[PDB]
Structure formats: C-alpha cells, structure tokens
Amino acid sequence: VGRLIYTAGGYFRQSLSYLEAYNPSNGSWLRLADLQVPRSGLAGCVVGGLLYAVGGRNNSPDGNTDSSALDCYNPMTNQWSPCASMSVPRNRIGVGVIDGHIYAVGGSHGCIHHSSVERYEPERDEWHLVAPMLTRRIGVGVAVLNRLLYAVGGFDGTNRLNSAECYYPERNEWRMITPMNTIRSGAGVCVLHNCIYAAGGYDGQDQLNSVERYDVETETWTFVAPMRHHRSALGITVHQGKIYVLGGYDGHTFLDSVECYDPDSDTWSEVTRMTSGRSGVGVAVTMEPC
Ligand SMILES: Cc1cc(C)c(C)c(S(=O)(=O)Nc2ccc(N3CC[C@H](C(=O)O)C3)c3ccccc23)c1C
C-alpha cells in the first residue's frame, strides 16, 4: 500500500519504459518489469496495493502517440497488466484518488487540450466521464486533500496557468480556489499534512525552483524553502511526511537529481539520483516487491 518510491516511465532522447523503485531506508534502486509501451508525462498512482500508470505519450523515433491506456503493476507478481482504456488519450496528465477511485484530469491529445475529467472504478474495470474542469489544462498538477480533487496550474492552449480549481465529488462540480502567486506549467503537485504543494514548473520563460503551498483553512498560497535545482516536468510523491522530487528538466539537462523536503526543518536535501536522468516521470508509493 505504501513502502517503496516507484518511478514509472519518463523521457530522455525518447519515451522510456523503465520501472525502478527507490528504498529511502537504504538509498537503493531496484529495476523491475519494464512498462509494456514506453510512456512520458504519464501519471502514477496506487489503489489497493496495486500501482497504476495512467496516460502519457510514446515520443518514439518510429512515431509519437498520446495514450488512453491505464496499465496495472503488481509488486507480488512483478507483472504489468493492461486495464480498461480512458475514453480519450491524455498526455501530460493529472491523476488523483478519492475513495479508492482514480480520477484522470486534463492532459493533451494532439493539438487538443482537455478540460475533461474521468473516473476509473477498479471494481468494475470501467471509466466514466464526470463534469469537466472550468479550464483546459495540460501539464496539470493533481492532488487530493479531504476527499476533494485539486487541479493546479498547467497550460490552457494559449496561456501557462497560475490558476487552480477544486472538484466536489458529491455535487459533481468544479469551483476556482485562490490562484498561485506564480504561473506554473509542468509543476510538481502533492499534498503534505493539510497543505497543497506546487513545486517548480515553467512560468512561460524559465524553469522554477520555487515551492509554494496552499493552506485550505487560510485559503492562501505561501512560498517555502526553494528546491536545490530548477525543474519543470518533475516527479513528486510523499513518503513518511517528506515530499520527494524526481528528476525533470532544468533548462539545460534532464536531471537524475532526487530531493527530499523536511517541512519540519523547512529544507530540501539531495537524497539520491535515479540510474538514468529523465523528465515526465510517473511516481507512486506502494509495498515492496516480495
Ligand atoms: C523538455 C522536454 C522536451 C520534450 C520533447 C519532452 C517530450 C519532455 S517530456 O517527455 O518530459 N514531456 C513534457 C514536456 C513538457 C511539459 N511541460 C513543462 C513545461 C512545458 C511548457 O509549457 O513549456 C510543458 C511536461 C509537463 C508534464 C509532463 C511532461 C511534460 C520534456 C520535459
């Protein structure tokens, strides 16, 4: 359910199919069952000890193709299993989980930028569209806090976004929440305690290192200790009350750089480095493969 940091897919010269797990308890990396198709700018989530890869795109030399797929990886069997496909392909996707259901936010398909949202029901192996986001959003940040889905930043088609909105599943509607202090396309969005962190990204001109959090109670975005490196198209996850950023693009290189955020000590620290440097990775935390 939650023990190893899994890094699914990514990109470096082409869309990677790598599935490496990191043990923060001994700094080790474990290469596992490669993804059936390589994918990049996909989402990674965990539902009931099972790891899911949602969306992305296969930027290959033989031709680039956005994904509608939702694969499943099992730490016990160390196997990938193709599950029910989402109505649409969604590259630079956003995913969150509310009450054991995967929500698939925005993402792009060819020139189209999606405003749409779809909900996977693992018990039935079905995908059903729900009300769409108020804005079209790619490279969107998605986080669930208090059984509410939040879509942070992204790119509408014309503008890079600082805006964010919340989804209330019962009413099946989206309302805008306080906008960020910074414009963030290709952010790294997660939830730690009661705050929603939006780290790095691209403000239209440069890769960001700034990390700002949204406090739900107070409804205000606030800056915190910046990251060591500037990153857009980065991996983010929370493990044992510490935010972990994974790779991404700095403006010059596709980083191998993995940083941990101690919110208690308000500090970012170089924790390891992924085998290969890469961007657009899918990242989730679940049980070891034993
Ligand atoms: C540098 C770069 C160039 C190429 C050719 C590709 C293919 C990749 S990628 O695989 O990682 N995909 C992604 C490219 C660009 C992204 N955002 C970030 C900022 C950028 C913008 O508004 O300018 C759009 C992404 C966001 C989330 C996930 C994957 C993203 C990368 C990062």
# chains A, B, ... in the order shown; residues from 1 in each chain; ligands from 1
>>> closest_atom_pairs(of="stretch 54-133 of chain A", to="stretch 25-43 of chain A", cutoff="6 Å", atoms="only C-alpha atoms", output="JSON lines")
{"residue": "A:54", "atom": "CA", "partner": "A:43", "partner_atom": "CA", "distance": 5.0}
{"residue": "A:55", "atom": "CA", "partner": "A:42", "partner_atom": "CA", "distance": 4.9}
{"residue": "A:56", "atom": "CA", "partner": "A:42", "partner_atom": "CA", "distance": 3.7}
{"residue": "A:57", "atom": "CA", "partner": "A:39", "partner_atom": "CA", "distance": 5.0}
{"residue": "A:58", "atom": "CA", "partner": "A:39", "partner_atom": "CA", "distance": 4.7}
{"residue": "A:91", "atom": "CA", "partner": "A:41", "partner_atom": "CA", "distance": 5.9}
{"residue": "A:92", "atom": "CA", "partner": "A:41", "partner_atom": "CA", "distance": 4.4}
{"residue": "A:93", "atom": "CA", "partner": "A:42", "partner_atom": "CA", "distance": 5.8}
{"residue": "A:95", "atom": "CA", "partner": "A:43", "partner_atom": "CA", "distance": 5.9}
>>> residues_around(residues="residue A:277", least_positions_apart="2", cutoff="10 Å", atoms="only C-alpha atoms", output="PyMOL selection string")
chain A and resi 10-12+246-249+253-258+273-275+279
>>> residues_around(residues="residue A:232", least_positions_apart="5", cutoff="10 Å", atoms="only C-alpha atoms", output="list in words")
residues 139, 184, 185, 186, 187, 188, 199, 200, 201, 202, 203, 206, 207, 208, 209, 247, 248, 249, 250, 251, 254, 279 and 280 of chain A
>>> write_last_selection(atoms="C-alpha atoms", output="PDB file, in the first residue's frame")
ATOM      1  CA  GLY A 139       0.946  19.632 -17.517  1.00  0.00           C
ATOM      2  CA  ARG A 184       3.276  27.054 -13.127  1.00  0.00           C
ATOM      3  CA  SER A 185       3.097  24.841 -16.227  1.00  0.00           C
ATOM      4  CA  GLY A 186       4.626  21.446 -15.560  1.00  0.00           C
ATOM      5  CA  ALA A 187       4.581  21.778 -11.753  1.00  0.00           C
ATOM      6  CA  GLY A 188       5.156  19.046  -9.140  1.00  0.00           C
ATOM      7  CA  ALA A 199       6.900  22.896  -6.674  1.00  0.00           C
ATOM      8  CA  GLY A 200       8.857  24.141  -9.731  1.00  0.00           C
ATOM      9  CA  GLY A 201       7.366  24.121 -13.229  1.00  0.00           C
ATOM     10  CA  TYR A 202       7.664  26.633 -16.089  1.00  0.00           C
ATOM     11  CA  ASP A 203       6.327  30.233 -15.922  1.00  0.00           C
ATOM     12  CA  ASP A 206      12.242  29.753 -17.174  1.00  0.00           C
ATOM     13  CA  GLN A 207      12.261  26.509 -15.049  1.00  0.00           C
ATOM     14  CA  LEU A 208      11.199  27.257 -11.496  1.00  0.00           C
ATOM     15  CA  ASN A 209      12.780  26.191  -8.146  1.00  0.00           C
ATOM     16  CA  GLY A 247      14.320  14.472 -11.998  1.00  0.00           C
ATOM     17  CA  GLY A 248      12.784  16.738 -14.590  1.00  0.00           C
ATOM     18  CA  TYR A 249      14.211  19.350 -16.936  1.00  0.00           C
ATOM     19  CA  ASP A 250      16.338  22.297 -15.689  1.00  0.00           C
ATOM     20  CA  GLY A 251      16.609  24.246 -18.939  1.00  0.00           C
ATOM     21  CA  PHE A 254      17.210  16.101 -17.812  1.00  0.00           C
ATOM     22  CA  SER A 279      11.763  14.061 -17.206  1.00  0.00           C
ATOM     23  CA  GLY A 280       7.988  13.490 -17.234  1.00  0.00           C
TER      24      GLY A 280
END
>>> atom_distance(atom1="atom CA of residue A:288", atom2="atom CA of residue A:45")
15.0 Å
>>> atom_distance(atom1="atom CA of residue A:110", atom2="atom CA of residue A:133")
19.0 Å
>>> residues_around(residues="residue A:51", least_positions_apart="4", cutoff="10 Å", atoms="only C-alpha atoms", output="count of residues only")
18
>>> select_by_dssp(residues="stretch 219-282 of chain A", states="strand (DSSP E)", output="VMD selection string")
chain A and resid 220 to 224 235 to 238 243 to 249 254 to 262 267 to 273 282
>>> residues_around(residues="stretch 102-105 of chain A", least_positions_apart="3", cutoff="7 Å", atoms="only C-alpha atoms", output="list in words")
residues 93, 94, 95, 96, 97, 98, 116, 117, 118, 119 and 120 of chain A
>>> closest_residue(among="A:210, A:237, A:59, A:81", to="residue A:2", atoms="only C-alpha atoms")
A:237
>>> closest_residue(among="A:23, A:158, A:79, A:178", to="ligand 1", atoms="only C-alpha atoms and all ligand atoms")
A:158
>>> closest_residue(among="A:155, A:174, A:268, A:223", to="ligand 1", atoms="only C-alpha atoms and all ligand atoms")
A:155
>>> closest_residue(among="A:290, A:164, A:234, A:143", to="ligand 1", atoms="only C-alpha atoms and all ligand atoms")
A:234
>>> residues_around(residues="residue A:176", least_positions_apart="2", cutoff="12 Å", atoms="only C-alpha atoms", output="JSON, numbers by chain")
{"A": [133, 134, 135, 149, 150, 151, 152, 153, 162, 163, 164, 165, 166, 167, 168, 173, 174, 178, 179, 180, 219]}
>>> closest_residue(among="A:7, A:159, A:222, A:194", to="ligand 1", atoms="only C-alpha atoms and all ligand atoms")
A:159
>>> closest_residue(among="A:63, A:241, A:49, A:132", to="residue A:191", atoms="only C-alpha atoms")
A:241
